[PDB]
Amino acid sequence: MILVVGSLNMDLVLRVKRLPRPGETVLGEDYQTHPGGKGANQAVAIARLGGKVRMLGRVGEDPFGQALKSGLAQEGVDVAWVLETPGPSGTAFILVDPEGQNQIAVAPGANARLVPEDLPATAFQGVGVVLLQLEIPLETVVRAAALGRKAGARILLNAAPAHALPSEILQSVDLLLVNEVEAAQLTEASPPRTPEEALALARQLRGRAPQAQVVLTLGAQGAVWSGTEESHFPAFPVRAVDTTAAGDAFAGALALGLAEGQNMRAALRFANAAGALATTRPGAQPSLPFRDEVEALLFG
């Protein structure tokens, strides 16, 4: 059983010729509205892969709030710990170009009101893995890890979007999951390139600031893992339509792989499979693949 603690966002999406550079006005088409948020996406990702999942976070007392909560319940995620909030739900401004590269700006809304006291112990009882991200306040992330350990869950921190982390969080996490910008933020010096070797060396560096399994995602180059092994796990070759929610599929698939009892080798392959499929359909949450697609792609 997995608990996901994190954000619920309404995604407002535009197809664009080209992502605007600073100062640029670009013309877009095909305006669309879908439930999203790193938290809600990772919960739904676990559900479509057939894992049992609860979601703990806040929606606002607006139309979107109901749509965010109902969306989750419909996918069969347990929404008993989704709390109603004065003011607006989270909203996200997404642009996607023809290569599937995106640009996202998030208005936190009710996600900013998820405080430590909002975390009851019964949401964590009997869960094997707690899955956290950073579209909620850092004091809430600390409490979630604490309550997670107290219940005997593995703490999976997806440190995204990019944010500075205090030692208290980095030291209390079983697995730290970051993309290259998050890895560079926390380490200083980017991998302005890949060799898969370069981000292994940075994932070894991030390893120094804790005692977790460290996982670094590389988009079209897959992922690396510094922990009980130092290894690269290649991407599945697919046609990428919209890269939105691919880290969410991957995070959610890693969580459920470890929940179900898979080792890291298997769970990371499973996760690259799921993150690859998410690139091949448009939109965030709607692109989240189902167990049988993911298993098809693994079987080859």
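One-based numbering along the sequence shown.
A.B. asks: Higher average CA B factor in the deposited record is what I'm after, so tell me if that's 286-294 or 14-22.
C.D. replies: According to the PDB entry, the answer is 14-22.
A.B. asks: Take the C-alpha B-factors listed in the entry for 204-212 and for 113-121, compute each mean, and give the stretch with the larger one.
C.D. replies: Taking the mean C-alpha B-factor of 204-212 and of 113-121, the larger value falls to 204-212.
A.B. asks: Among the choices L72, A105, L134, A220, identify the one whose CA B-factor in the record is greatest.
C.D. replies: That would be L72, according to the entry.
A.B. asks: Sorting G261, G252, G28, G37 by Cα temperature factor from the record, which one lands on top?
C.D. replies: That would be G28, according to the entry.
A.B. asks: Sorting by Cα B-factor within the chain, modelled residues only, which third would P166 end up in: lowest, middle or highest?
C.D. replies: Tercile = lowest for this residue's CA B-factor.
A.B. asks: Within this chain, which third does the Cα B-factor at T244 fall in: lowest, middle or highest?
C.D. replies: Its C-alpha B-factor belongs to the middle third of this chain's values.
A.B. asks: What third of its chain's C-alpha B-factors does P192 belong to: lowest, middle or highest?
C.D. replies: Highest third of the chain for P192's C-alpha B-factor.
A.B. asks: When the deposited Cα B-factors of this chain's modelled residues are ordered and cut into thirds, is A159 in the lowest, the middle or the highest one?
C.D. replies: Lowest third, going by the recorded CA B-factors of the chain.
A.B. asks: Compare the C-alpha B factor of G275 with those of the other modelled residues in its chain, then answer lowest, middle or highest third.
C.D. replies: It falls in the bottom third of the chain.
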